[PDB]
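Trainee: Contents are CSV, C-alpha atoms; file name work.csv:
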chain,number,residue,atom,x,y,z
A,1,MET,CA,141.1,109.0,89.8
A,2,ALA,CA,138.7,106.1,89.6
A,3,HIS,CA,135.9,106.6,92.1
A,4,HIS,CA,133.3,104.1,91.1
A,5,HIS,CA,130.2,106.2,90.3
A,6,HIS,CA,127.8,103.5,91.5
A,7,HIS,CA,124.1,104.4,91.2
A,8,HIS,CA,121.0,102.3,90.8
A,9,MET,CA,119.7,104.4,87.9
A,10,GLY,CA,117.9,102.0,85.7
A,11,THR,CA,118.1,98.9,83.4
A,12,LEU,CA,118.6,99.3,79.7
A,13,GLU,CA,118.2,95.5,79.2
A,14,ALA,CA,115.8,94.0,81.7
A,15,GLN,CA,116.2,90.3,80.6
A,16,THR,CA,112.7,89.7,82.0
A,17,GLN,CA,113.1,91.8,85.2
A,18,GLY,CA,112.1,90.1,88.5
A,19,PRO,CA,113.6,88.2,91.4
A,20,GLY,CA,116.1,86.5,89.1
A,21,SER,CA,116.2,83.8,86.4
A,22,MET,CA,112.7,82.4,85.7
A,23,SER,CA,113.5,79.0,87.2
A,24,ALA,CA,113.8,77.2,90.6
A,25,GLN,CA,114.8,80.3,92.7
A,26,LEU,CA,115.6,79.9,96.3
A,27,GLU,CA,116.8,82.7,98.6
A,28,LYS,CA,116.7,82.4,102.4
A,29,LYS,CA,117.0,85.6,104.5
A,30,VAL,CA,116.4,85.1,108.3
A,31,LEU,CA,114.2,87.8,109.9
A,32,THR,CA,114.7,86.5,113.4
A,33,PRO,CA,117.5,84.0,114.4
A,34,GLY,CA,116.5,81.2,116.8
A,35,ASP,CA,118.3,79.3,119.5
A,36,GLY,CA,120.6,77.7,117.0
A,37,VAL,CA,121.3,74.9,119.5
A,38,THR,CA,117.8,73.5,118.9
A,39,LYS,CA,117.6,70.8,116.1
A,40,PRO,CA,114.4,70.0,114.2
A,41,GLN,CA,114.1,66.3,113.4
A,42,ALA,CA,111.8,64.4,111.0
A,43,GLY,CA,109.0,62.1,112.1
A,44,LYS,CA,108.1,64.6,114.8
A,45,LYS,CA,105.0,66.9,115.0
A,46,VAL,CA,106.4,70.4,114.7
A,47,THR,CA,104.8,73.8,115.5
A,48,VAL,CA,105.3,76.2,112.6
A,49,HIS,CA,104.0,79.5,111.2
A,50,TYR,CA,104.1,81.1,107.7
A,51,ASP,CA,103.8,84.5,106.0
A,52,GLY,CA,102.8,84.9,102.4
A,53,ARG,CA,105.0,87.5,100.6
A,54,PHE,CA,105.9,88.7,97.1
A,55,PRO,CA,109.5,88.7,95.9
A,56,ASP,CA,109.0,92.4,95.4
A,57,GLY,CA,108.9,92.8,99.2
A,58,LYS,CA,105.3,93.7,99.6
A,59,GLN,CA,103.7,91.1,101.8
A,60,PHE,CA,100.5,89.2,100.7
A,61,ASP,CA,99.2,89.0,104.3
A,62,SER,CA,100.9,89.3,107.7
A,63,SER,CA,99.6,85.9,109.0
A,64,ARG,CA,102.0,86.6,111.9
A,65,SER,CA,99.5,89.3,113.0
A,66,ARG,CA,96.9,86.5,113.1
A,67,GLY,CA,99.0,84.8,115.8
A,68,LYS,CA,98.0,81.4,114.4
A,69,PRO,CA,100.7,78.6,114.7
A,70,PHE,CA,100.2,75.6,112.5
A,71,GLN,CA,101.4,72.0,113.3
A,72,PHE,CA,102.5,69.1,111.1
A,73,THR,CA,104.9,66.1,111.1
A,74,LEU,CA,108.2,67.2,109.7
A,75,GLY,CA,109.3,64.8,106.9
A,76,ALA,CA,105.8,63.9,106.0
A,77,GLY,CA,103.9,64.8,102.9
A,78,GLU,CA,101.8,67.3,104.8
A,79,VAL,CA,103.2,70.2,102.8
A,80,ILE,CA,105.4,70.8,99.7
A,81,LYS,CA,109.1,69.8,99.9
A,82,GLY,CA,109.8,73.5,99.7
A,83,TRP,CA,108.2,74.2,103.1
A,84,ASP,CA,109.5,70.9,104.5
A,85,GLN,CA,113.0,71.9,103.6
A,86,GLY,CA,112.4,75.4,105.0
A,87,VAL,CA,111.4,74.2,108.4
A,88,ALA,CA,113.9,71.4,108.3
A,89,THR,CA,116.8,73.7,107.6
A,90,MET,CA,115.8,76.4,110.2
A,91,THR,CA,115.9,76.3,114.1
A,92,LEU,CA,113.5,76.8,117.0
A,93,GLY,CA,112.4,80.3,117.7
A,94,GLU,CA,113.7,81.3,114.3
A,95,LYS,CA,111.9,82.8,111.2
A,96,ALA,CA,113.3,83.2,107.8
A,97,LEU,CA,112.3,84.5,104.4
A,98,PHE,CA,112.1,81.4,102.2
A,99,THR,CA,111.6,81.8,98.4
A,100,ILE,CA,109.3,79.2,97.0
A,101,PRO,CA,109.7,78.7,93.2
A,102,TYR,CA,106.4,78.5,91.2
A,103,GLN,CA,107.3,74.9,90.1
A,104,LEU,CA,107.1,73.6,93.6
A,105,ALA,CA,104.0,75.5,94.9
A,106,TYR,CA,100.6,76.5,93.5
A,107,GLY,CA,102.4,79.6,92.2
A,108,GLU,CA,102.7,77.8,88.8
A,109,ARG,CA,99.0,77.3,88.6
A,110,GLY,CA,98.2,80.6,90.2
A,111,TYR,CA,94.5,80.1,91.0
A,112,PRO,CA,93.5,83.7,92.1
A,113,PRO,CA,94.2,86.8,89.8
A,114,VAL,CA,96.4,88.0,92.7
A,115,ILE,CA,98.9,85.3,91.7
A,116,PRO,CA,99.9,85.5,88.0
A,117,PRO,CA,100.4,81.9,86.7
A,118,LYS,CA,104.0,80.7,87.1
A,119,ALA,CA,104.7,83.2,89.8
A,120,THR,CA,107.5,82.5,92.3
A,121,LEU,CA,106.1,83.2,95.8
A,122,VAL,CA,108.0,84.0,99.0
A,123,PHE,CA,106.9,82.5,102.3
A,124,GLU,CA,108.4,83.5,105.6
A,125,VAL,CA,108.8,80.3,107.6
A,126,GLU,CA,108.7,80.4,111.4
A,127,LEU,CA,109.4,77.5,113.7
A,128,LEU,CA,107.8,78.2,117.0
A,129,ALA,CA,108.5,74.7,118.5
A,130,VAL,CA,108.1,71.0,118.0
Translate this structure into structure tokens?

Mentor:
Amino acid sequence: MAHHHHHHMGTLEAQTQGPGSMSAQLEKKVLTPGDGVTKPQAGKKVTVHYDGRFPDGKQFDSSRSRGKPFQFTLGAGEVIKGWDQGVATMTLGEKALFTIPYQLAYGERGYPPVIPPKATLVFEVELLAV
């Protein structure tokens, strides 16, 4: 009788183990759903918030604990298209886990030894208001 013995034991072939294929990866997992009826529009100054996080799960820093909301014109070149899309696709009162591929962010360049060059970095995007 076939009862699928499913068990995350290990990986014989890793195929460069990580968050996935070493390319433009984009996963979006909402931590807190928003109004849903509210609609973010371009051209407007929006009130956002971010959290730096590794694809592993371990957070870089809980900037949410810092209680600092940032503001920028949605649709403008204030931030990378990644974050622009993140806030543009979300709703008010909502926060989601938005995977930013290294090619779009500084993750490619790295900069500090904390971020290994060409590292895809996850940012929790949070739209407080407009």

Trainee: Report the distance between CA of residue 96 in chain A and CA of residue 113 in chain A in Å, rounded to one decimal place.

Mentor: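 Computing the Euclidean distance for CA of residue 96 in chain A and CA of residue 113 in chain A yields 26.5 Å.
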
Trainee: Name the closest residue to residue 61 in chain A among the candidates A:114, A:34, A:41, A:119; distances are taken between atoms, counting all atoms listed in the file.

Mentor: A:114

Trainee: For residue 82 in chain A, please output as a list in words all residues within 8 Å (counting only C-alpha atoms; exclusion window: fewer than 5 positions along the same chain).

Mentor: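 Within the cut-off, the hits are residues 100, 104 and 105 of chain A.
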
Trainee: Rank nothing, just name the residue among A:117, A:69, A:77, A:52 nearest to residue 97 in chain A, using only C-alpha atoms.

Mentor: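 Result for the nearest residue to residue 97 in chain A: A:52.
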
Trainee: Given the choices A:118, A:64, A:29, A:109, which gets closest to residue 49 in chain A if the distance is worked out from all atoms listed in the file?

Mentor: A:64

Trainee: Using all atoms listed in the file, pick whichever of A:19, A:67, A:110, A:93 has the shortest atom-to-atom distance to residue 39 in chain A.

Mentor: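 Of the candidates, the smallest distance to residue 39 in chain A is held by A:93.
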
Trainee: CA of residue 123 in chain A to CA of residue 62 in chain A: how many Å, to one decimal?

Mentor: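 Result for CA of residue 123 in chain A versus CA of residue 62 in chain A: 10.6 Å, one decimal.
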
Trainee: CA of residue 75 in chain A and CA of residue 43 in chain A, how far apart in Å?

Mentor: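 We find that CA of residue 43 in chain A and CA of residue 75 in chain A lie 5.9 Å from each other.
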
Trainee: Hey, which of A:122, A:92, A:80, A:14 ends up closest to residue 48 in chain A? Count only C-alpha atoms.

Mentor: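 Of all the options, A:92 lies closest to residue 48 in chain A.
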
Trainee: Given all atoms listed in the file as the basis, pick out the residue of A:38, A:121, A:60, A:106 nearest to residue 25 in chain A.

Mentor: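 Closest to residue 25 in chain A of all the choices is A:121.
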